[PDB]
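One chain comes next, on its own, written out as structure tokens in the form deposited in one PDB entry.
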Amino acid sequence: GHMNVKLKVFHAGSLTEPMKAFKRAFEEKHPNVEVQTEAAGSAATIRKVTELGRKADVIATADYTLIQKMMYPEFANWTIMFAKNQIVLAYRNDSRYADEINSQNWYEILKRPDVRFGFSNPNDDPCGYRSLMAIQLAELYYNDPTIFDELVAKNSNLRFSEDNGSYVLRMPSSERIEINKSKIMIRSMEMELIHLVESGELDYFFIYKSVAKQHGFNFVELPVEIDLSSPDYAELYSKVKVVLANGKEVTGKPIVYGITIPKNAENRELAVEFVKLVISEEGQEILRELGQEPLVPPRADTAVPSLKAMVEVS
């Protein structure tokens, strides 16, 4: 009825567990509000608003730059950066060769003919393009120009080209992506790969550390030089770029999650309260307890007057 407001929050798949907690905490404070959450790869999440005509009160992505590139200026005009993450290679203890995989031999294990691994669709999900970025960055770190070629390029139509030191991969439209089903499985968002690994259909998958921990997967920590986790290695990460099918270019960057309130939000006031919760100490702790490092203090890409005291604007 008129005493039941719905706050619509569309978010990155990797924010699924944190969102359950944000929803419970928010509703405890606003008993007449139902926070309606929907998970999808961040680019697909944004398209709900930018292309499908749906209205959301809060948009949260796993890569703040997608809000900037896809929503400015028609659907948003500021982004608050509130969390970080790290790419790891996760598996079950009964995954093929789980007993021998480690940080030094991970890519050789993935190269074995019977090993199947997964990553999400780069056109829809930052985890997917970040997975390809990490594998290509591995070529530079291990001084082995064939890691990406053997694992991905020979098992799909996804290929990195070199251009004066940097590498660029141009994505085919999603409908034209080709994958060798004997070696790789892809899904729109990384969260959808979870059940494939649990069923044994996949042995390994590229995924955020927080999600691996939340779902009880073991994992190989990859070099900081390739895992997109540290602000301090931005210069190395920037050597790889992926051009998404929608034409937007994403560059390897330290993983930083963004949140915004779309310009056309139906319940802006409540949305402000929700964003405040996410970047408050309570919200930072919710993330930490779920295995995801919060960005403390939160930052914004531009002034955000209705939230000035909560954010650092450079």
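Heads up: residue numbers just count along the shown sequence, starting at 1.
The same protein also exists as the form deposited with a partner chain bound; that form is not shown, yet it is the one meant from here on.
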Looking at 60-68, 35-43, 255-263, 278-286, which lies within 4.5 angstroms of the partner chain in the deposited bound form, counting heavy atoms?
35-43
Would you kindly say which of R159, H195, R112, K213 lies with a heavy atom within 4.5 Å of the partner chain in the deposited bound form?
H195
Give me the residue from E150, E201, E74, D144 that has a heavy atom within 4.5 Å of the partner chain in the deposited bound form.
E201
Even though the partner isn't displayed, in the deposited bound form is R268 close enough to the partner chain, meaning a heavy atom within 4.5 Å?
no
Against the partner chain in the deposited bound form, would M185 count as a contact residue? Criterion: heavy atoms within 4.5 Å.
yes
Taking 4.5 angstroms as the cut-off for heavy atoms, does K248 touch the partner chain in the deposited bound form?
no
Is the gap between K20 and the partner chain in the deposited bound form 4.5 Å or less for some heavy atom pair?
yes
Using heavy atoms only and a 4.5 Å cut-off, decide whether all three of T16, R116 and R176 touch the partner chain in the deposited bound form.
yes
